[PDB]
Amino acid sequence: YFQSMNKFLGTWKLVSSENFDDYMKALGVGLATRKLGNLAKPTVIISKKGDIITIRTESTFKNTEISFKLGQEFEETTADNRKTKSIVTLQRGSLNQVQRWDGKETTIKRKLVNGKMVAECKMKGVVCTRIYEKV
């Protein structure tokens, strides 16, 4: 008995964001960029072709896209142009992404709560919560 991330598949629209400014600060994002980041209301599209999962983020300010297999480290360029070594895992219904770069670490845990996808973003004790609804 192995679970899957099929429940994450689809198109997701940001409906709420809490503490994103301080999470961006902790990541090293500069003020002008945080201002635009805070105003962004992205769409996130999670798809899967065979073993390969893709997470595409679309906003006016920044589009990003990563493609990966579960549990295999990949190189990632983030929305704020960090170049990280990343791994996405599935832990008891939660799709967990860890990004490491320059001896630093941040985690984005995405889980489903009453049909909404909730992304918890952590960097050195700063926690940001972002809520998405399925389109």
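Residue positions are given as counts along the sequence shown, with the first one as 1.
- The stretch 1-9 shows the higher mean C-alpha B-factor when 126-134 is compared against 1-9 in the entry.
- Out of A79, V44, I52, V98, it is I52 whose C-alpha atom has the highest B-factor in the PDB entry.
- Among the modelled residues of its chain, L36 has a C-alpha B-factor that falls in the middle third according to the deposited record.
- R110: CA B factor in the lowest third of modelled residues in this chain (values from the PDB entry).
- In the deposited entry, the Cα temperature factor of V29 places it in the middle third of its chain's modelled residues.
- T60: CA B factor lies in the middle third for its chain, per the PDB record.
- Ranked by Cα temperature factor within the chain, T89 sits in the middle third according to the deposited record.
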